[PDB]
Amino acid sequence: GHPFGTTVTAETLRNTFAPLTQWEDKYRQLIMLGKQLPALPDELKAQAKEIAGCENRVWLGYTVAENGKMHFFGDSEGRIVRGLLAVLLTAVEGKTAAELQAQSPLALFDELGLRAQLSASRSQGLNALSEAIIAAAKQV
């Protein structure tokens, strides 16, 4: 599985990212954060949804512990987007469907300052990844 939402938290991302003001550095940190997203097994790539909004291919899938909590997994081809996926995974991992319809899943990106100078297509993939997350909450 991935470290996001357990070992990498919103809190650790705030500490990495709040000091950062230059986009070169935000992007350096996203790329490094992307490298802790493991390679997704082919089994599970075959079962993930392929997100139709991205510059390269992006997978997002999910399971659900019948104890309520929802557990996501994904992969990405490009280094920046892998990092954005990591940030998403951090917001969204370990959450109930109730919890996910409450908050905007992209809220974390706004509070880390990782939207302002995002490429136009990056935003789409993002939005698409949010819409995709919302769908899983409804379907339980």
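Quick note: we count residues from 1 along the sequence shown, nothing fancier.
Comparing 76-84 with 92-100, the stretch with the higher mean C-alpha B-factor in the PDB entry is 92-100.
Higher mean CA temperature factor, per the PDB entry, when comparing 54-62 with 22-30: 54-62.
Sorting the modelled residues of the chain by their CA temperature factor places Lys69 in the highest third.
Among all modelled residues in this chain, the alpha-carbon of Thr16 has a temperature factor (C-alpha) in the middle third. The deposited CA B-factor of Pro38 belongs to the lowest third of values across its chain. Split the chain's modelled residues into thirds by C-alpha temperature factor. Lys49 is in the middle one.
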